[PDB]
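Q: To be precise about what I am sending: the file is called start.txt and holds compact mmCIF, N, CA and C atoms and all ligand atoms.
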# COMPACT_ATOMS: atom_id res chain seq x y z
N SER A 1 0.82 -1.22 0.00
CA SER A 1 0.00 0.00 0.00
C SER A 1 0.85 1.27 0.00
N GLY A 2 0.25 2.40 -0.39
CA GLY A 2 0.95 3.68 -0.41
C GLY A 2 0.45 4.59 -1.51
N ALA A 3 0.58 5.91 -1.32
CA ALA A 3 0.13 6.87 -2.32
C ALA A 3 1.11 8.06 -2.37
N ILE A 4 0.99 8.93 -3.42
CA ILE A 4 1.72 10.19 -3.53
C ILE A 4 0.72 11.30 -3.27
N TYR A 5 1.07 12.28 -2.44
CA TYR A 5 0.18 13.42 -2.17
C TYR A 5 0.81 14.71 -2.67
N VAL A 6 0.29 15.28 -3.77
CA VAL A 6 0.85 16.49 -4.38
C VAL A 6 -0.28 17.46 -4.68
N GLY A 7 -0.23 18.70 -4.15
CA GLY A 7 -1.31 19.67 -4.37
C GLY A 7 -2.63 19.12 -3.86
N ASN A 8 -3.71 19.25 -4.64
CA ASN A 8 -4.97 18.64 -4.23
C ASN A 8 -5.17 17.29 -4.89
N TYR A 9 -4.07 16.52 -5.08
CA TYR A 9 -4.16 15.22 -5.74
C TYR A 9 -3.58 14.09 -4.88
N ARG A 10 -4.13 12.87 -5.06
CA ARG A 10 -3.66 11.64 -4.44
C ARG A 10 -3.42 10.66 -5.60
N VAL A 11 -2.20 10.14 -5.76
CA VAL A 11 -1.88 9.18 -6.84
C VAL A 11 -1.77 7.80 -6.19
N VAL A 12 -2.55 6.81 -6.64
CA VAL A 12 -2.52 5.47 -6.06
C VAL A 12 -2.44 4.43 -7.20
N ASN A 13 -2.09 3.17 -6.87
CA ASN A 13 -2.18 2.09 -7.88
C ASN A 13 -3.68 1.93 -8.19
N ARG A 14 -4.05 1.91 -9.47
CA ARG A 14 -5.47 1.81 -9.83
C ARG A 14 -6.12 0.55 -9.22
N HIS A 15 -5.39 -0.58 -9.18
CA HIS A 15 -5.98 -1.82 -8.62
C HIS A 15 -6.23 -1.76 -7.10
N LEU A 16 -5.67 -0.77 -6.40
CA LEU A 16 -5.86 -0.59 -4.97
C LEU A 16 -6.76 0.64 -4.62
N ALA A 17 -7.29 1.35 -5.66
CA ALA A 17 -8.13 2.53 -5.41
C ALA A 17 -9.34 2.18 -4.57
N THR A 18 -9.73 3.07 -3.65
CA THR A 18 -10.89 2.84 -2.77
C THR A 18 -12.19 3.36 -3.39
N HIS A 19 -13.36 3.14 -2.73
CA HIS A 19 -14.63 3.72 -3.20
C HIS A 19 -14.50 5.26 -3.20
N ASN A 20 -13.83 5.85 -2.17
CA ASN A 20 -13.63 7.29 -2.11
C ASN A 20 -12.73 7.82 -3.26
N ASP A 21 -11.68 7.07 -3.67
CA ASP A 21 -10.86 7.50 -4.82
C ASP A 21 -11.72 7.58 -6.08
N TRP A 22 -12.56 6.56 -6.31
CA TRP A 22 -13.40 6.55 -7.51
C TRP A 22 -14.47 7.66 -7.46
N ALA A 23 -14.98 7.99 -6.26
CA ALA A 23 -16.00 9.05 -6.10
C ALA A 23 -15.42 10.45 -6.35
N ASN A 24 -14.10 10.62 -6.19
CA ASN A 24 -13.41 11.87 -6.43
C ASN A 24 -12.39 11.70 -7.57
N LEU A 25 -12.72 10.87 -8.58
CA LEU A 25 -11.83 10.57 -9.69
C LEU A 25 -11.45 11.82 -10.50
N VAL A 26 -10.15 11.96 -10.80
CA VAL A 26 -9.62 13.01 -11.67
C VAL A 26 -9.19 12.36 -13.01
N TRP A 27 -8.47 11.24 -12.91
CA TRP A 27 -7.94 10.55 -14.08
C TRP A 27 -7.56 9.14 -13.68
N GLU A 28 -7.76 8.20 -14.59
CA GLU A 28 -7.31 6.82 -14.36
C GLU A 28 -6.87 6.18 -15.70
N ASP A 29 -5.89 5.28 -15.65
CA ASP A 29 -5.44 4.58 -16.86
C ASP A 29 -5.10 3.13 -16.48
N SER A 30 -5.96 2.18 -16.89
CA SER A 30 -5.78 0.77 -16.61
C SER A 30 -4.46 0.25 -17.21
N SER A 31 -4.08 0.77 -18.39
CA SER A 31 -2.83 0.31 -19.04
C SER A 31 -1.59 0.74 -18.24
N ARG A 32 -1.71 1.76 -17.37
CA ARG A 32 -0.58 2.21 -16.51
C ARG A 32 -0.69 1.73 -15.05
N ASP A 33 -1.86 1.16 -14.65
CA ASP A 33 -2.15 0.79 -13.26
C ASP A 33 -2.13 2.05 -12.37
N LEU A 34 -2.58 3.23 -12.90
CA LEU A 34 -2.63 4.47 -12.10
C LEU A 34 -4.01 5.05 -12.01
N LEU A 35 -4.28 5.71 -10.87
CA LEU A 35 -5.51 6.43 -10.61
C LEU A 35 -5.12 7.64 -9.78
N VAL A 36 -5.73 8.78 -10.09
CA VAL A 36 -5.51 10.05 -9.36
C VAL A 36 -6.91 10.52 -8.90
N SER A 37 -7.03 10.84 -7.63
CA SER A 37 -8.26 11.37 -7.08
C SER A 37 -7.96 12.75 -6.46
N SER A 38 -9.01 13.55 -6.25
CA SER A 38 -8.82 14.88 -5.64
C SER A 38 -8.91 14.80 -4.12
N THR A 39 -8.27 15.74 -3.43
CA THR A 39 -8.27 15.77 -1.96
C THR A 39 -8.64 17.16 -1.46
N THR A 40 -9.20 17.25 -0.25
CA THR A 40 -9.53 18.55 0.33
C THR A 40 -8.26 19.18 0.97
N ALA A 41 -7.37 18.34 1.54
CA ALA A 41 -6.16 18.86 2.18
C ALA A 41 -5.02 18.95 1.17
N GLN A 42 -4.13 19.90 1.37
CA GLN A 42 -2.97 20.17 0.51
C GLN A 42 -1.83 19.15 0.71
N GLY A 43 -1.33 18.58 -0.39
CA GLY A 43 -0.22 17.63 -0.38
C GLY A 43 1.11 18.32 -0.63
N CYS A 44 2.21 17.80 -0.05
CA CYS A 44 3.49 18.47 -0.17
C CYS A 44 4.61 17.65 -0.82
N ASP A 45 4.30 16.49 -1.45
CA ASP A 45 5.32 15.71 -2.16
C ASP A 45 5.75 16.47 -3.43
N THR A 46 7.00 16.33 -3.82
CA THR A 46 7.52 16.98 -5.02
C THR A 46 7.64 15.90 -6.10
N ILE A 47 7.20 16.17 -7.34
CA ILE A 47 7.36 15.18 -8.42
C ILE A 47 8.62 15.51 -9.21
N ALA A 48 9.46 14.52 -9.46
CA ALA A 48 10.66 14.71 -10.27
C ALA A 48 10.26 15.03 -11.69
N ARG A 49 11.00 15.90 -12.36
CA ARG A 49 10.80 16.17 -13.78
C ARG A 49 12.22 16.00 -14.35
N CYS A 50 12.58 14.76 -14.72
CA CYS A 50 13.95 14.43 -15.09
C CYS A 50 13.95 13.11 -15.90
N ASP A 51 15.16 12.65 -16.26
CA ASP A 51 15.31 11.36 -16.91
C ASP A 51 16.26 10.46 -16.10
N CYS A 52 16.30 10.60 -14.75
CA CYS A 52 17.12 9.73 -13.88
C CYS A 52 16.78 8.26 -14.13
N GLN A 53 17.77 7.42 -14.07
CA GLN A 53 17.63 5.97 -14.10
C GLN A 53 18.21 5.31 -12.85
N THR A 54 18.47 6.10 -11.77
CA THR A 54 18.93 5.60 -10.48
C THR A 54 18.07 6.32 -9.40
N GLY A 55 17.77 5.61 -8.35
CA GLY A 55 16.98 6.16 -7.25
C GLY A 55 16.91 5.19 -6.09
N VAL A 56 16.00 5.45 -5.15
CA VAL A 56 15.82 4.64 -3.96
C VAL A 56 14.32 4.37 -3.80
N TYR A 57 13.92 3.11 -3.53
CA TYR A 57 12.49 2.83 -3.31
C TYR A 57 12.22 2.23 -1.93
N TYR A 58 10.99 2.37 -1.45
CA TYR A 58 10.61 1.82 -0.16
C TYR A 58 9.94 0.47 -0.38
N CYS A 59 10.43 -0.56 0.33
CA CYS A 59 9.92 -1.93 0.21
C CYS A 59 9.24 -2.30 1.56
N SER A 60 7.87 -2.24 1.61
CA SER A 60 7.19 -2.48 2.87
C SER A 60 7.37 -3.89 3.43
N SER A 61 7.53 -4.91 2.56
CA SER A 61 7.73 -6.29 3.01
C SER A 61 9.13 -6.52 3.67
N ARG A 62 10.02 -5.50 3.63
CA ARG A 62 11.31 -5.56 4.33
C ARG A 62 11.47 -4.37 5.31
N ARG A 63 10.50 -3.43 5.37
CA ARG A 63 10.58 -2.18 6.14
C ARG A 63 11.92 -1.46 5.85
N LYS A 64 12.31 -1.43 4.58
CA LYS A 64 13.63 -0.87 4.21
C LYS A 64 13.57 -0.14 2.88
N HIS A 65 14.49 0.81 2.69
CA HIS A 65 14.67 1.48 1.41
C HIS A 65 15.88 0.79 0.72
N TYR A 66 15.80 0.64 -0.60
CA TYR A 66 16.86 0.02 -1.40
C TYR A 66 17.26 0.92 -2.59
N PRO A 67 18.56 1.05 -2.87
CA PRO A 67 18.98 1.82 -4.05
C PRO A 67 18.83 0.90 -5.30
N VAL A 68 18.39 1.46 -6.44
CA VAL A 68 18.19 0.67 -7.65
C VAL A 68 18.55 1.43 -8.91
N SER A 69 18.92 0.68 -9.98
CA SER A 69 19.09 1.23 -11.33
C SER A 69 17.82 0.73 -12.02
N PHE A 70 17.10 1.60 -12.75
CA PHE A 70 15.83 1.18 -13.35
C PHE A 70 15.75 1.54 -14.84
N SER A 71 15.06 0.70 -15.64
CA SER A 71 14.92 0.94 -17.07
C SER A 71 14.00 2.16 -17.38
N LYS A 72 14.12 2.78 -18.56
CA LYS A 72 13.28 3.93 -18.94
C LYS A 72 11.82 3.44 -19.04
N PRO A 73 10.82 4.30 -18.80
CA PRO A 73 9.41 3.86 -18.92
C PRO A 73 9.12 3.25 -20.28
N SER A 74 8.51 2.05 -20.27
CA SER A 74 8.25 1.33 -21.52
C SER A 74 7.02 0.38 -21.41
N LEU A 75 6.64 -0.26 -22.53
CA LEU A 75 5.52 -1.20 -22.59
C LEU A 75 6.10 -2.56 -22.24
N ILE A 76 5.64 -3.16 -21.14
CA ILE A 76 6.16 -4.42 -20.66
C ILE A 76 5.05 -5.40 -20.45
N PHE A 77 5.23 -6.64 -20.95
CA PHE A 77 4.21 -7.68 -20.80
C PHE A 77 4.11 -8.10 -19.34
N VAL A 78 2.87 -8.07 -18.78
CA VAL A 78 2.65 -8.44 -17.38
C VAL A 78 1.64 -9.60 -17.37
N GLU A 79 1.99 -10.68 -16.66
CA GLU A 79 1.16 -11.88 -16.50
C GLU A 79 -0.20 -11.56 -15.89
N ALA A 80 -1.22 -12.39 -16.23
CA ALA A 80 -2.56 -12.21 -15.66
C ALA A 80 -2.53 -12.32 -14.10
N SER A 81 -3.33 -11.50 -13.40
CA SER A 81 -3.46 -11.53 -11.94
C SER A 81 -4.99 -11.48 -11.62
N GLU A 82 -5.40 -11.35 -10.34
CA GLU A 82 -6.85 -11.24 -10.06
C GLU A 82 -7.42 -9.85 -10.44
N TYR A 83 -6.52 -8.89 -10.70
CA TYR A 83 -6.93 -7.53 -11.02
C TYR A 83 -6.94 -7.21 -12.50
N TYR A 84 -6.09 -7.86 -13.30
CA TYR A 84 -6.03 -7.58 -14.74
C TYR A 84 -5.78 -8.86 -15.53
N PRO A 85 -6.28 -8.93 -16.77
CA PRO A 85 -5.87 -10.05 -17.65
C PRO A 85 -4.41 -9.83 -18.10
N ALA A 86 -3.79 -10.83 -18.78
CA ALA A 86 -2.42 -10.67 -19.28
C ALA A 86 -2.43 -9.51 -20.31
N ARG A 87 -1.51 -8.54 -20.16
CA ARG A 87 -1.54 -7.37 -21.07
C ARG A 87 -0.18 -6.65 -21.06
N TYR A 88 0.02 -5.67 -21.97
CA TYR A 88 1.22 -4.83 -21.85
C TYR A 88 0.85 -3.68 -20.94
N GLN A 89 1.67 -3.43 -19.93
CA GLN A 89 1.46 -2.26 -19.07
C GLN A 89 2.43 -1.17 -19.60
N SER A 90 1.94 0.01 -19.89
CA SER A 90 2.76 1.10 -20.41
C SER A 90 3.36 1.94 -19.28
N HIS A 91 4.42 2.71 -19.61
CA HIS A 91 5.08 3.63 -18.69
C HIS A 91 5.65 2.86 -17.46
N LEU A 92 6.07 1.59 -17.66
CA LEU A 92 6.57 0.77 -16.56
C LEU A 92 8.11 0.73 -16.60
N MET A 93 8.76 0.76 -15.42
CA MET A 93 10.23 0.72 -15.34
C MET A 93 10.61 -0.45 -14.45
N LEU A 94 11.58 -1.30 -14.84
CA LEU A 94 11.97 -2.44 -14.02
C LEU A 94 13.35 -2.22 -13.41
N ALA A 95 13.53 -2.86 -12.25
CA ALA A 95 14.79 -2.88 -11.54
C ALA A 95 14.96 -4.25 -10.89
N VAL A 96 16.22 -4.61 -10.58
CA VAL A 96 16.48 -5.83 -9.83
C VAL A 96 16.28 -5.43 -8.37
N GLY A 97 15.36 -6.13 -7.72
CA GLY A 97 15.04 -5.84 -6.33
C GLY A 97 13.88 -6.67 -5.84
N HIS A 98 13.67 -6.65 -4.52
CA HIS A 98 12.59 -7.42 -3.93
C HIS A 98 11.25 -6.68 -3.96
N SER A 99 10.17 -7.41 -4.25
CA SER A 99 8.83 -6.85 -4.27
C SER A 99 7.90 -8.07 -4.19
N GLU A 100 6.94 -8.06 -3.28
CA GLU A 100 5.99 -9.15 -3.17
C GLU A 100 4.60 -8.56 -2.97
N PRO A 101 3.50 -9.36 -3.09
CA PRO A 101 2.15 -8.80 -2.82
C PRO A 101 2.11 -8.05 -1.49
N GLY A 102 1.61 -6.82 -1.55
CA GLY A 102 1.59 -5.88 -0.43
C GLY A 102 2.57 -4.73 -0.62
N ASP A 103 3.55 -4.89 -1.55
CA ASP A 103 4.55 -3.84 -1.77
C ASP A 103 4.10 -2.72 -2.73
N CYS A 104 3.01 -2.93 -3.52
CA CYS A 104 2.56 -1.86 -4.44
C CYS A 104 2.29 -0.55 -3.70
N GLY A 105 2.67 0.57 -4.29
CA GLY A 105 2.44 1.86 -3.64
C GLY A 105 3.68 2.43 -2.97
N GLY A 106 4.73 1.61 -2.83
CA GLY A 106 6.01 2.12 -2.30
C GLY A 106 6.60 3.15 -3.27
N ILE A 107 7.05 4.27 -2.75
CA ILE A 107 7.57 5.35 -3.59
C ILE A 107 9.00 5.09 -4.03
N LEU A 108 9.30 5.40 -5.30
CA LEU A 108 10.65 5.41 -5.85
C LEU A 108 10.98 6.90 -5.99
N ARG A 109 12.16 7.31 -5.48
CA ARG A 109 12.56 8.72 -5.49
C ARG A 109 14.01 8.86 -5.98
N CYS A 110 14.29 9.92 -6.72
CA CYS A 110 15.65 10.27 -7.10
C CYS A 110 15.94 11.64 -6.37
N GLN A 111 17.10 12.25 -6.61
CA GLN A 111 17.44 13.54 -6.00
C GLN A 111 16.46 14.67 -6.35
N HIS A 112 15.64 14.51 -7.42
CA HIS A 112 14.71 15.58 -7.86
C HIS A 112 13.30 15.47 -7.28
N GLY A 113 12.97 14.33 -6.70
CA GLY A 113 11.66 14.11 -6.14
C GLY A 113 11.14 12.73 -6.45
N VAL A 114 9.82 12.58 -6.37
CA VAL A 114 9.13 11.34 -6.61
C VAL A 114 9.12 10.98 -8.08
N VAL A 115 9.54 9.75 -8.38
CA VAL A 115 9.62 9.22 -9.74
C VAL A 115 8.38 8.37 -10.11
N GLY A 116 7.98 7.51 -9.17
CA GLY A 116 6.86 6.61 -9.43
C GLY A 116 6.55 5.74 -8.24
N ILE A 117 5.67 4.75 -8.44
CA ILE A 117 5.33 3.85 -7.33
C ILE A 117 5.46 2.39 -7.73
N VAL A 118 5.73 1.48 -6.77
CA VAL A 118 5.78 0.05 -7.08
C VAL A 118 4.43 -0.39 -7.68
N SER A 119 4.49 -1.17 -8.74
CA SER A 119 3.28 -1.65 -9.40
C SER A 119 3.37 -3.14 -9.77
N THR A 120 4.61 -3.68 -9.93
CA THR A 120 4.74 -5.12 -10.23
C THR A 120 5.93 -5.74 -9.43
N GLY A 121 6.04 -7.06 -9.45
CA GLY A 121 7.11 -7.73 -8.75
C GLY A 121 7.28 -9.16 -9.18
N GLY A 122 7.95 -9.94 -8.32
CA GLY A 122 8.22 -11.36 -8.52
C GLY A 122 9.51 -11.60 -9.26
N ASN A 123 10.07 -12.80 -9.12
CA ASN A 123 11.28 -13.23 -9.82
C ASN A 123 12.57 -12.42 -9.49
N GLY A 124 12.64 -11.74 -8.35
CA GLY A 124 13.77 -10.87 -8.04
C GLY A 124 13.74 -9.57 -8.85
N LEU A 125 12.56 -9.17 -9.30
CA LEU A 125 12.38 -7.94 -10.04
C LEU A 125 11.36 -7.06 -9.33
N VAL A 126 11.41 -5.76 -9.58
CA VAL A 126 10.41 -4.83 -9.07
C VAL A 126 10.07 -3.82 -10.21
N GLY A 127 8.78 -3.61 -10.47
CA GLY A 127 8.35 -2.70 -11.52
C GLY A 127 7.69 -1.48 -10.90
N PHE A 128 7.97 -0.27 -11.46
CA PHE A 128 7.45 1.00 -10.94
C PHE A 128 6.65 1.69 -12.05
N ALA A 129 5.47 2.19 -11.70
CA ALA A 129 4.67 2.96 -12.64
C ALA A 129 5.23 4.39 -12.59
N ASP A 130 5.71 4.90 -13.72
CA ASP A 130 6.26 6.27 -13.78
C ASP A 130 5.16 7.33 -13.64
N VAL A 131 5.46 8.46 -12.96
CA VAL A 131 4.50 9.57 -12.88
C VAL A 131 5.16 10.91 -13.38
N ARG A 132 6.45 10.89 -13.80
CA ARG A 132 7.15 12.13 -14.17
C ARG A 132 6.58 12.83 -15.38
N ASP A 133 5.87 12.10 -16.25
CA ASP A 133 5.27 12.71 -17.43
C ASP A 133 3.94 13.41 -17.11
N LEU A 134 3.37 13.21 -15.90
CA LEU A 134 2.08 13.82 -15.52
C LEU A 134 2.31 15.24 -15.06
N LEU A 135 2.61 16.16 -16.02
CA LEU A 135 2.96 17.54 -15.63
C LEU A 135 1.83 18.28 -14.92
N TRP A 136 0.58 17.88 -15.22
CA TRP A 136 -0.60 18.53 -14.65
C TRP A 136 -0.72 18.33 -13.14
N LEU A 137 0.03 17.35 -12.54
CA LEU A 137 -0.02 17.14 -11.08
C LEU A 137 0.42 18.40 -10.30
N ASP A 138 1.27 19.25 -10.93
CA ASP A 138 1.79 20.47 -10.33
C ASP A 138 0.98 21.72 -10.61
N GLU A 139 -0.14 21.61 -11.31
CA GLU A 139 -0.98 22.78 -11.60
C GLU A 139 -2.41 22.49 -11.13
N1 LIG B 201 0.51 -3.93 -12.20
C1 LIG B 201 -0.07 -5.11 -12.19
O1 LIG B 201 -0.61 -5.60 -13.19
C2 LIG B 201 0.01 -5.88 -10.89
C3 LIG B 201 -1.37 -6.01 -10.22
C4 LIG B 201 -1.27 -6.76 -8.88
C5 LIG B 201 -0.55 -8.09 -9.06
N2 LIG B 201 0.75 -7.90 -9.73
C6 LIG B 201 1.94 -8.25 -9.22
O2 LIG B 201 2.97 -8.06 -9.83
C7 LIG B 201 1.98 -8.88 -7.83
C8 LIG B 201 2.01 -7.79 -6.72
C9 LIG B 201 3.29 -6.98 -6.77
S1 LIG B 201 4.64 -8.07 -6.24
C10 LIG B 201 4.25 -9.63 -6.97
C11 LIG B 201 5.20 -10.63 -6.78
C12 LIG B 201 5.07 -11.83 -7.45
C13 LIG B 201 4.02 -12.05 -8.29
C14 LIG B 201 3.05 -11.07 -8.45
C15 LIG B 201 3.13 -9.86 -7.77
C16 LIG B 201 0.63 -7.27 -11.05
ZN ZN B 202 15.79 12.77 -11.08
Starting from the file, lay out its structure as structure tokens.
Ligand SMILES: NC(=O)[C@H]1CCCN(C(=O)[C@@H]2CCSc3ccccc32)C1
Ligand SMILES: [Zn+2]
A:
Amino acid sequence: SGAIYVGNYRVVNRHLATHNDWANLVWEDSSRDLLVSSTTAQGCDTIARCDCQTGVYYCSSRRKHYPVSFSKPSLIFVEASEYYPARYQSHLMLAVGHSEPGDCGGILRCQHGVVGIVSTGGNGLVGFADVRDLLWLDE
């Protein structure tokens, strides 16, 4: 679990969105596993606007942060789960690292701010849904 709070927005994994996220929906994309809802309170997270390929992510199943090198956002084939059929997930970045069910929503950050959130795992890999292209989060 986990979300990004920026301005009057909350960014969560679409498969973990609550009834309240859907009732205050701003934007959602099943192909990215992202959903953004509006909030009454002001958020203070900073979103990176960069092309970093190194950063640090939070892994809740280890209560630890890990440094990682990650691939550029791309279309990656993801196996069927209870939330989605087998499909290509877009804007996904992979790194070698630990991630298991319950780790989605962990923030990946570089020196410029928030890069994305954990969205996939297994096999000694961890996948992050990129949010750096969502320039509207800052306006
Ligand atoms: N973005 C998606 O399509 C997600 C939806 C939830 C299920 N997905 C996983 O990757 C899960 C949880 C993250 S960790 C993990 C480790 C081993 C096997 C599977 C998983 C795919
Ligand atoms: Zn950066």
Q: Select, from A:85, A:101, A:116, A:124, the residue with the minimum atom-to-atom distance to ligand LIG 201 (chain B), counting only C-alpha atoms and all ligand atoms.
A: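 Of all the options, A:101 lies closest to ligand LIG 201 (chain B).
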Q: Please give me, as a PyMOL selection string, the residues lying within 7 Å of ligand LIG 201 (chain B) when counting only C-alpha atoms and all ligand atoms.
A: chain A and resi 15+33+78+81+83-84+99-104+119-123
Q: Those selected residues, please, written with N, CA and C atoms and delivered as an mmCIF file, in the coordinates of the input.
A:
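In the end it all went to selection.cif:
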data_model
loop_
_atom_site.group_PDB
_atom_site.id
_atom_site.type_symbol
_atom_site.label_atom_id
_atom_site.label_comp_id
_atom_site.auth_asym_id
_atom_site.auth_seq_id
_atom_site.Cartn_x
_atom_site.Cartn_y
_atom_site.Cartn_z
ATOM 1 N N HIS A 15 -5.390 -0.580 -9.180
ATOM 2 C CA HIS A 15 -5.980 -1.820 -8.620
ATOM 3 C C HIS A 15 -6.230 -1.760 -7.100
ATOM 4 N N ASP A 33 -1.860 1.160 -14.650
ATOM 5 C CA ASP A 33 -2.150 0.790 -13.260
ATOM 6 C C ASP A 33 -2.130 2.050 -12.370
ATOM 7 N N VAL A 78 2.870 -8.070 -18.780
ATOM 8 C CA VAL A 78 2.650 -8.440 -17.380
ATOM 9 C C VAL A 78 1.640 -9.600 -17.370
ATOM 10 N N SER A 81 -3.330 -11.500 -13.400
ATOM 11 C CA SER A 81 -3.460 -11.530 -11.940
ATOM 12 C C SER A 81 -4.990 -11.480 -11.620
ATOM 13 N N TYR A 83 -6.520 -8.890 -10.700
ATOM 14 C CA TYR A 83 -6.930 -7.530 -11.020
ATOM 15 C C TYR A 83 -6.940 -7.210 -12.500
ATOM 16 N N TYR A 84 -6.090 -7.860 -13.300
ATOM 17 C CA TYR A 84 -6.030 -7.580 -14.740
ATOM 18 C C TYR A 84 -5.780 -8.860 -15.530
ATOM 19 N N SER A 99 10.170 -7.410 -4.250
ATOM 20 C CA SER A 99 8.830 -6.850 -4.270
ATOM 21 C C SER A 99 7.900 -8.070 -4.190
ATOM 22 N N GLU A 100 6.940 -8.060 -3.280
ATOM 23 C CA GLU A 100 5.990 -9.150 -3.170
ATOM 24 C C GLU A 100 4.600 -8.560 -2.970
ATOM 25 N N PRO A 101 3.500 -9.360 -3.090
ATOM 26 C CA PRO A 101 2.150 -8.800 -2.820
ATOM 27 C C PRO A 101 2.110 -8.050 -1.490
ATOM 28 N N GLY A 102 1.610 -6.820 -1.550
ATOM 29 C CA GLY A 102 1.590 -5.880 -0.430
ATOM 30 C C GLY A 102 2.570 -4.730 -0.620
ATOM 31 N N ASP A 103 3.550 -4.890 -1.550
ATOM 32 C CA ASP A 103 4.550 -3.840 -1.770
ATOM 33 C C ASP A 103 4.100 -2.720 -2.730
ATOM 34 N N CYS A 104 3.010 -2.930 -3.520
ATOM 35 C CA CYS A 104 2.560 -1.860 -4.440
ATOM 36 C C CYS A 104 2.290 -0.550 -3.700
ATOM 37 N N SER A 119 4.490 -1.170 -8.740
ATOM 38 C CA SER A 119 3.280 -1.650 -9.400
ATOM 39 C C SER A 119 3.370 -3.140 -9.770
ATOM 40 N N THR A 120 4.610 -3.680 -9.930
ATOM 41 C CA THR A 120 4.740 -5.120 -10.230
ATOM 42 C C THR A 120 5.930 -5.740 -9.430
ATOM 43 N N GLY A 121 6.040 -7.060 -9.450
ATOM 44 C CA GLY A 121 7.110 -7.730 -8.750
ATOM 45 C C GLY A 121 7.280 -9.160 -9.180
ATOM 46 N N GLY A 122 7.950 -9.940 -8.320
ATOM 47 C CA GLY A 122 8.220 -11.360 -8.520
ATOM 48 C C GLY A 122 9.510 -11.600 -9.260
ATOM 49 N N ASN A 123 10.070 -12.800 -9.120
ATOM 50 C CA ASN A 123 11.280 -13.230 -9.820
ATOM 51 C C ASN A 123 12.570 -12.420 -9.490
#
Q: Which chain A residues have any atom within 8 Å of an atom of ligand ZN 202 (chain B), and for each, what is the nearest pair of atoms with distance in Å to one decimal, counting all atoms listed in the file, rows sorted by chain and number, as a Markdown table?
A:
| residue | atom | partner | partner_atom | distance |
| --- | --- | --- | --- | --- |
| A:47 | C | B:ZN202 | ZN | 7.9 |
| A:48 | CA | B:ZN202 | ZN | 5.5 |
| A:49 | C | B:ZN202 | ZN | 5.8 |
| A:50 | CA | B:ZN202 | ZN | 4.7 |
| A:51 | N | B:ZN202 | ZN | 5.2 |
| A:52 | N | B:ZN202 | ZN | 4.3 |
| A:53 | N | B:ZN202 | ZN | 6.4 |
| A:54 | C | B:ZN202 | ZN | 7.0 |
| A:55 | CA | B:ZN202 | ZN | 7.7 |
| A:109 | C | B:ZN202 | ZN | 6.7 |
| A:110 | CA | B:ZN202 | ZN | 4.7 |
| A:111 | N | B:ZN202 | ZN | 4.7 |
| A:112 | N | B:ZN202 | ZN | 4.1 |
| A:113 | N | B:ZN202 | ZN | 5.4 |
| A:114 | C | B:ZN202 | ZN | 7.5 |
| A:115 | CA | B:ZN202 | ZN | 7.2 |
Q: Show which residues sit within 6.5 Å of residue 36 in chain A, as a list in words. Count all atoms listed in the file, and ignore same-chain residues fewer than 5 positions away.
A: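 Within the cut-off, the hits are residues 9, 10, 11, 12, 21, 24, 25, 26, 27 and 28 of chain A.
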Q: Could you tell me how far CA of residue 29 in chain A sits from atom N of residue 134 in chain A, in Å to one decimal place?
A: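 Atom-to-atom, atom N of residue 134 in chain A and CA of residue 29 in chain A are spaced 12.4 Å apart.
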Q: Looking at A:97, A:106, A:67, A:73, which one is nearest to residue 118 in chain A, with distances taken over only N, CA and C atoms?
A: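 Answer, going by the shortest atom-to-atom distance: A:106.
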Q: Pick from A:74, A:61, A:107, A:69: nearest to residue 95 in chain A, with all atoms listed in the file counted?
A: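 Smallest separation from residue 95 in chain A among the options: A:69.
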Q: Using atom N of residue 133 in chain A and CA of residue 63 in chain A as the two end points, give the distance in Å to one decimal.
A: 27.0 Å
Q: Report, in Å to a single decimal, how far apart CA of residue 23 in chain A and CA of residue 132 in chain A are.
A: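 Those two atoms sit 24.7 Å apart.
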Q: Taking into account all atoms listed in the file, which residue in the set A:96, A:45, A:105, A:82 is nearest to residue 1 in chain A?
A: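 Closest to residue 1 in chain A, using all atoms listed in the file: A:105.
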Q: Pull the alpha helix (DSSP H) assignments for range 6-128 of chain A out of DSSP run on the backbone, and list those residues as a ChimeraX atom specification.
A: /A:19-23
Q: My list of candidates is A:90, A:62, A:75, A:57. Which is closest to residue 30 in chain A when distances are computed with all atoms listed in the file?
A: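 When distances to residue 30 in chain A are compared using all atoms listed in the file, the smallest one comes from A:90.
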Q: Measuring between only C-alpha atoms, which one of A:20, A:8, A:31, A:13 shows the shortest distance to residue 87 in chain A?
A: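 The answer is A:31, which sits nearest to residue 87 in chain A.
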Q: Report, as JSON, the centre and edge lengths in Å (one decimal) of the axis-aligned box enclosing every listed atom of range 84-94 of chain A, padded by 3 Å on each side.
A:
{"center_x": 3.5, "center_y": -3.6, "center_z": -17.6, "size_x": 25.6, "size_y": 20.5, "size_z": 14.7}
Q: Write down as number ranges by chain the residues of range 25-94 of chain A whose backbone DSSP state falls under strand (DSSP E).
A: A: 25-29, 34-44, 54-59, 64-69, 74-78, 87-94
